[PDB]
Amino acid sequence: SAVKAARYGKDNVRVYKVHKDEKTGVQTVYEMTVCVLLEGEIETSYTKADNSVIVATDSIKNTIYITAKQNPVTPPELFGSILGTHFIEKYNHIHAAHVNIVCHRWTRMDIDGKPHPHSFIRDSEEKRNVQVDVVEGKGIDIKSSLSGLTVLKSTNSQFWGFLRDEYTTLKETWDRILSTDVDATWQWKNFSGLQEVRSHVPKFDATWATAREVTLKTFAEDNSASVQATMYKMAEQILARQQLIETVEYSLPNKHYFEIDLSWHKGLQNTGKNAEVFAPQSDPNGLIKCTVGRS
């Protein structure tokens, strides 16, 4: 036998950083969870008990903290690029660094209508993430995403005209609930290295904001023919608004809310136009995916 692929590192590294403005007293906090996995000429650690090729995962952890101390942690695309570049430059035999960052929300509190200088709220479990793959000789590949954005619309979703055969029981509808947890990813053009990533830094926060805004507005305003049709509209708009993105991918569950027929009880009418009370279904769920690129 032989090693065909290998990577190793430290996962689930929780990191907080604070910035304190001396002049104003305003503090700003950042919290993330980081994973770094390395690849390179490491196969002998597996095949021959050769630990000399292993940068210890404990040392990878230390390096995450040190890097956070000495560099910006925002935008996460930048932090991940700095961190991954460090490993492939520092260690001759390490040839790729795969950096995943989950950013947690700490939104500044408003108290009596004024932003508070040092108090924050987790206003959502929605995350902003990056996957940064730094590959020696092949630049930096970045996938940015938002996930855990949970939404519901109570009308202006439809689903009719689907295939009907002997496996089909679903009734056509022209008015249903639609609820999902949005997972949206935008894949950047390959960057040649850290200098190029740094040259585009403002685009990272701007493109996250665009993706989020397009997602919410399109969800809210599209009289949806299907999850498929609505998500495609989101992707096409994001591509039209950032030329440095190559593809946009959505993965959307259809979190079903079922009508409840109560007519067996005193003729109570709770279906169709009279539907008021529904049963949210925990499982199963539709799962709809697509990757959209440029024509």
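Numbers for residues come from their place in the sequence shown, where the first is 1.
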{"query": "Average Cα temperature factor in the PDB entry - higher stretch of 259-267, 30-38", "finding": "259-267"}
{"query": "Higher-scoring stretch by recorded Cα B factor average, 21-29 or 269-277", "finding": "21-29"}
{"query": "Given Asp133, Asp123, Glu77, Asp183, the residue at which the Cα B factor reaches its maximum", "finding": "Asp123"}
{"query": "Top Cα B factor in the deposited entry, candidates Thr63, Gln237, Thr57, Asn254", "finding": "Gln237"}
{"query": "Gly84 - Cα temperature factor, lowest/middle/highest third of chain", "finding": "middle"}
{"query": "Lowest, middle or highest third - CA B-factor, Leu244", "finding": "highest"}
{"query": "Position of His95 among the chain's modelled residues by C-alpha B-factor, lowest, middle or highest third", "finding": "middle"}
{"query": "CA B-factor ranking of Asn129, expressed as a third of its chain", "finding": "lowest"}
{"query": "Entry-reported Cα temperature factor of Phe204, expressed as the chain third it lands in", "finding": "middle"}
